[PDB]
Amino acid sequence: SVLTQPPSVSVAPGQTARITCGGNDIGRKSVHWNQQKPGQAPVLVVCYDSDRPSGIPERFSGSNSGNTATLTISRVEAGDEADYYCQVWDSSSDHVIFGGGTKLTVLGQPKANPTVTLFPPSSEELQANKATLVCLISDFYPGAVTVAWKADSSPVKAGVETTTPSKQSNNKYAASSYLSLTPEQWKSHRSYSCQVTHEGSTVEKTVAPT
Amino acid sequence: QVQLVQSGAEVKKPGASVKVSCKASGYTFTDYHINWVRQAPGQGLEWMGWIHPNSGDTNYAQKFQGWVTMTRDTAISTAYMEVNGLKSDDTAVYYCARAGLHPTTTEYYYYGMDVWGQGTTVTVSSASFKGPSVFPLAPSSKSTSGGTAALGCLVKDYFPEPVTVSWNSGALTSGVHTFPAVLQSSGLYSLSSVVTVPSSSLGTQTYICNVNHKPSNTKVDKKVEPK
């Protein structure tokens, strides 16, 4: 049994956000909804499909029928930006199941495209029998980004480490991604590329040995 | 009020075991299930199981049965989660949660979670206290405005946080961008700091990043040349 949630929803303040939780015969189950902010533990915002817990604004409303449960947040405020999880009990497996989670983005400023800076491994690091590619991403909004690395036109997922976006002094976001290689890996390929995808657009930079 | 008080952050080496606690207050401990949920960094919530403090009955999730153990001590209103054979992919925040959402029908006889603990961070790593290696990020102008260049310093594989970086002993602050550290599978941290400077100045002016890692008593003043 699996609950399907859209990975992300974006709205402007004052608009209404709708987060779906797809599951077979989920209308027969009682759905609870959790809100989690960064530096928050999960908090109940909807219980029993549509009931409103204590202290939760009436803007938070849920519904459930058929194969879809929906969390509806009216008059969205900036404080509503969070990850939302639907939860269900699957009696056939005796498992509590969470949805994959939906990140609700509240758009508080116009979109800003990322600036990507890619550094090759230094000669000094190679002499230490290591090689690190540094991909620096800055000046983007919203603060959600996905990084992919390639080599000679081929995906690379081993050795990739990416930070989550963090706010800059100018209130845009920044992030960084590192690719750890051996000296031979770096020296054997044409080139490596850092591919940064943001809001349906991608910026790719490429470096090559010597 | 109803609260669950969880134990503090843990740093474990691979292969070890860890036992985190969840103490109830503001309600009767034996009245509700305690559920356990873990969340790897940047991932979603992952249900591990529940225990009923009254009977001690357990319900282990498929993914966690056999290598975790849920227990409880009703005398001190505390539940425990023990994770064995720790691996790097066991790095997560481990939550406990009270099952205060009683069922409304005997059709769907399930007690759902209402109040959550604040979580216990467990980081599994071969990491010890370690000073960083500092490497130069030689100047390039491919992603900066016209007539300017970006150069930097890679501060690699240190533990624990923090590392502070200045430039030319504080004389250089304008156009400095120090990115927050990444935490890697090794459990070691790495960060980068870049400064955007005039291209003409590369022959005239010396650029030094001043790296300070107090927890290991390491300082490096790395000069960054155009190469």
# chains A, B, ... in the order shown; residues from 1 in each chain; ligands from 1
>>> residues_around(residues="stretch 179-186 of chain A", least_positions_apart="2", cutoff="7 Å", atoms="only C-alpha atoms", output="list in words")
residues 126, 129, 130, 131, 132, 133, 134, 159, 160, 161, 177, 188, 189 and 209 of chain A
>>> closest_atom_pairs(of="chain B", to="chain A", cutoff="8 Å", atoms="only C-alpha atoms", output="tab-separated table")
residue	atom	partner	partner_atom	distance
B:42	CA	A:164	CA	8.0
B:44	CA	A:100	CA	5.9
B:45	CA	A:98	CA	6.5
B:46	CA	A:98	CA	7.0
B:47	CA	A:96	CA	6.3
B:49	CA	A:96	CA	7.9
B:59	CA	A:94	CA	7.8
B:61	CA	A:95	CA	6.4
B:101	CA	A:47	CA	8.0
B:108	CA	A:29	CA	6.9
B:110	CA	A:89	CA	6.9
B:112	CA	A:32	CA	7.9
B:114	CA	A:44	CA	6.3
B:115	CA	A:43	CA	7.3
B:116	CA	A:42	CA	6.5
B:117	CA	A:41	CA	7.0
B:118	CA	A:41	CA	5.5
B:119	CA	A:41	CA	7.2
B:135	CA	A:125	CA	6.6
B:136	CA	A:122	CA	6.5
B:137	CA	A:119	CA	6.5
B:138	CA	A:122	CA	7.8
B:142	CA	A:117	CA	7.7
B:143	CA	A:117	CA	5.9
B:179	CA	A:175	CA	7.0
B:180	CA	A:166	CA	7.7
B:181	CA	A:163	CA	7.5
B:182	CA	A:163	CA	5.4
B:183	CA	A:161	CA	7.7
B:184	CA	A:161	CA	6.3
B:192	CA	A:134	CA	8.0
>>> select_by_dssp(residues="stretch 4-109 of chain B", states="strand (DSSP E)", output="MDAnalysis selection string")
chainID B and resid 4:6 10:12 18:25 34:39 46:51 58:60 68:73 78:83 92:98
>>> write_last_selection(atoms="N, CA and C atoms", output="short mmCIF file (atom, residue, chain, number, x, y, z; two decimals), in the first residue's frame")
data_model
loop_
_atom_site.label_atom_id
_atom_site.label_comp_id
_atom_site.auth_asym_id
_atom_site.auth_seq_id
_atom_site.Cartn_x
_atom_site.Cartn_y
_atom_site.Cartn_z
N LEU B 4 6.19 14.74 24.96
CA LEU B 4 7.13 13.63 24.89
C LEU B 4 8.53 14.21 24.84
N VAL B 5 9.36 13.84 25.81
CA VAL B 5 10.69 14.40 25.99
C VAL B 5 11.71 13.35 25.54
N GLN B 6 12.38 13.62 24.43
CA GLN B 6 13.31 12.67 23.83
C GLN B 6 14.75 13.00 24.21
N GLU B 10 23.13 12.05 19.17
CA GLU B 10 24.11 10.99 19.30
C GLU B 10 24.97 10.91 18.05
N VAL B 11 26.26 10.70 18.24
CA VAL B 11 27.20 10.41 17.16
C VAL B 11 27.74 9.01 17.41
N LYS B 12 27.51 8.11 16.46
CA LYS B 12 27.84 6.70 16.61
C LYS B 12 28.76 6.25 15.48
N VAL B 18 22.52 2.00 19.38
CA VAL B 18 22.09 3.22 20.05
C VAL B 18 20.68 3.00 20.60
N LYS B 19 20.44 3.51 21.80
CA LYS B 19 19.16 3.37 22.48
C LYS B 19 18.69 4.76 22.88
N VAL B 20 17.64 5.25 22.21
CA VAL B 20 17.10 6.58 22.46
C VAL B 20 15.82 6.44 23.27
N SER B 21 15.55 7.44 24.11
CA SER B 21 14.45 7.37 25.06
C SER B 21 13.40 8.43 24.74
N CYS B 22 12.18 8.16 25.22
CA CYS B 22 11.01 9.00 24.95
C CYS B 22 10.17 8.99 26.22
N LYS B 23 10.27 10.05 27.02
CA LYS B 23 9.59 10.13 28.31
C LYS B 23 8.32 10.97 28.18
N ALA B 24 7.21 10.43 28.67
CA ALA B 24 5.92 11.09 28.60
C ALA B 24 5.70 11.97 29.82
N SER B 25 4.91 13.03 29.63
CA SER B 25 4.49 13.90 30.72
C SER B 25 3.20 14.59 30.31
N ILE B 34 2.77 4.27 21.82
CA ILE B 34 3.87 5.14 21.41
C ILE B 34 4.37 4.63 20.07
N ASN B 35 4.30 5.49 19.05
CA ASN B 35 4.79 5.16 17.72
C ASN B 35 6.18 5.75 17.53
N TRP B 36 6.98 5.10 16.69
CA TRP B 36 8.31 5.57 16.35
C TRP B 36 8.39 5.81 14.85
N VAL B 37 8.93 6.97 14.47
CA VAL B 37 9.06 7.38 13.07
C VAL B 37 10.44 7.99 12.89
N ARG B 38 11.14 7.59 11.83
CA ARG B 38 12.46 8.12 11.54
C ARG B 38 12.45 8.87 10.21
N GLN B 39 13.35 9.84 10.10
CA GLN B 39 13.41 10.72 8.93
C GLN B 39 14.87 10.96 8.59
N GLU B 46 9.16 7.98 8.00
CA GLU B 46 9.29 6.53 7.82
C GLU B 46 8.85 5.85 9.10
N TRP B 47 7.68 5.23 9.08
CA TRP B 47 7.13 4.60 10.28
C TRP B 47 7.92 3.34 10.62
N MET B 48 8.34 3.24 11.88
CA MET B 48 9.13 2.10 12.36
C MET B 48 8.31 1.09 13.14
N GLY B 49 7.28 1.52 13.84
CA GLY B 49 6.46 0.62 14.62
C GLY B 49 5.81 1.35 15.78
N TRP B 50 5.12 0.57 16.61
CA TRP B 50 4.53 1.10 17.83
C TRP B 50 4.68 0.08 18.95
N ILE B 51 4.52 0.58 20.18
CA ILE B 51 4.45 -0.25 21.37
C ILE B 51 3.31 0.27 22.23
N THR B 58 3.91 -5.04 20.74
CA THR B 58 4.65 -4.31 19.72
C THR B 58 4.11 -4.64 18.33
N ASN B 59 4.30 -3.70 17.41
CA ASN B 59 3.98 -3.88 16.00
C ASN B 59 5.15 -3.28 15.23
N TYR B 60 6.05 -4.13 14.73
CA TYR B 60 7.24 -3.67 14.03
C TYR B 60 6.95 -3.53 12.54
N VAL B 68 15.75 -3.55 15.13
CA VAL B 68 15.42 -2.56 16.14
C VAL B 68 14.57 -3.24 17.21
N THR B 69 14.58 -2.65 18.40
CA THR B 69 13.84 -3.19 19.54
C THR B 69 13.14 -2.06 20.27
N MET B 70 11.82 -2.15 20.37
CA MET B 70 11.02 -1.22 21.15
C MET B 70 10.74 -1.82 22.52
N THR B 71 11.03 -1.06 23.57
CA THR B 71 10.71 -1.45 24.94
C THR B 71 10.08 -0.26 25.66
N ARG B 72 9.66 -0.49 26.89
CA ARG B 72 9.10 0.57 27.71
C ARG B 72 9.33 0.24 29.18
N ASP B 73 9.36 1.28 30.01
CA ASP B 73 9.51 1.16 31.45
C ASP B 73 8.38 1.99 32.07
N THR B 78 8.67 5.90 30.42
CA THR B 78 9.63 6.08 29.34
C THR B 78 9.56 4.91 28.36
N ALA B 79 9.56 5.24 27.07
CA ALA B 79 9.71 4.26 26.00
C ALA B 79 11.10 4.40 25.39
N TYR B 80 11.60 3.30 24.82
CA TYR B 80 12.94 3.26 24.26
C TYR B 80 12.92 2.65 22.87
N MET B 81 13.79 3.16 22.00
CA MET B 81 14.03 2.59 20.69
C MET B 81 15.51 2.28 20.57
N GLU B 82 15.85 1.01 20.39
CA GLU B 82 17.22 0.57 20.21
C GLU B 82 17.44 0.15 18.77
N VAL B 83 18.44 0.74 18.12
CA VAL B 83 18.80 0.42 16.75
C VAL B 83 20.17 -0.24 16.76
N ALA B 92 19.64 9.67 10.86
CA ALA B 92 18.28 10.20 10.75
C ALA B 92 17.91 10.89 12.05
N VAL B 93 16.78 11.59 12.02
CA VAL B 93 16.09 12.02 13.22
C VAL B 93 15.06 10.96 13.58
N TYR B 94 15.07 10.52 14.83
CA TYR B 94 14.17 9.47 15.29
C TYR B 94 13.12 10.10 16.19
N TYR B 95 11.87 10.06 15.75
CA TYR B 95 10.75 10.64 16.48
C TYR B 95 9.97 9.55 17.20
N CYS B 96 9.43 9.91 18.36
CA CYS B 96 8.35 9.17 18.99
C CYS B 96 7.09 10.02 18.94
N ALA B 97 5.93 9.36 18.99
CA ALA B 97 4.67 10.06 18.86
C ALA B 97 3.58 9.30 19.61
N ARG B 98 2.73 10.04 20.31
CA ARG B 98 1.63 9.44 21.06
C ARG B 98 0.45 9.15 20.14
#
>>> atom_distance(atom1="atom CA of residue B:174", atom2="atom CA of residue B:209")
13.7 Å
>>> atom_distance(atom1="atom CA of residue B:191", atom2="atom CA of residue B:213")
11.9 Å
>>> atom_distance(atom1="atom CA of residue A:10", atom2="atom CA of residue A:109")
12.2 Å
>>> closest_residue(among="B:131, B:103, B:187, B:226", to="residue B:206", atoms="only C-alpha atoms")
B:226
>>> decode(residues="stretch 112-140 of chain B", atoms="C-alpha atoms", output="tab-separated table (two decimals), in the first residue's frame")
chain	number	residue	atom	x	y	z
B	112	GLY	CA	-3.47	7.53	15.15
B	113	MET	CA	-0.66	9.85	16.19
B	114	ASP	CA	-1.46	13.27	17.68
B	115	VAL	CA	1.47	14.61	19.78
B	116	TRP	CA	5.03	14.16	18.50
B	117	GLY	CA	8.33	14.38	20.30
B	118	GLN	CA	10.98	16.81	19.13
B	119	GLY	CA	13.15	14.04	17.69
B	120	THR	CA	16.55	12.54	18.46
B	121	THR	CA	19.33	13.11	15.94
B	122	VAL	CA	21.54	10.08	15.32
B	123	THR	CA	24.56	10.51	13.04
B	124	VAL	CA	26.48	7.35	12.12
B	125	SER	CA	30.03	8.07	11.03
B	126	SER	CA	33.64	6.91	11.23
B	127	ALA	CA	34.29	10.57	12.03
B	128	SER	CA	36.60	11.66	14.83
B	129	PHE	CA	37.73	15.17	15.70
B	130	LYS	CA	39.61	16.12	12.56
B	131	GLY	CA	41.17	19.29	11.21
B	132	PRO	CA	40.43	20.22	7.61
B	133	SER	CA	42.55	20.22	4.50
B	134	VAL	CA	42.44	23.59	2.74
B	135	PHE	CA	42.84	23.80	-1.03
B	136	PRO	CA	42.75	26.80	-3.39
B	137	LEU	CA	39.96	27.45	-5.88
B	138	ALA	CA	41.96	29.26	-8.55
B	139	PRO	CA	40.45	32.41	-10.09
B	140	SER	CA	37.98	32.14	-12.96
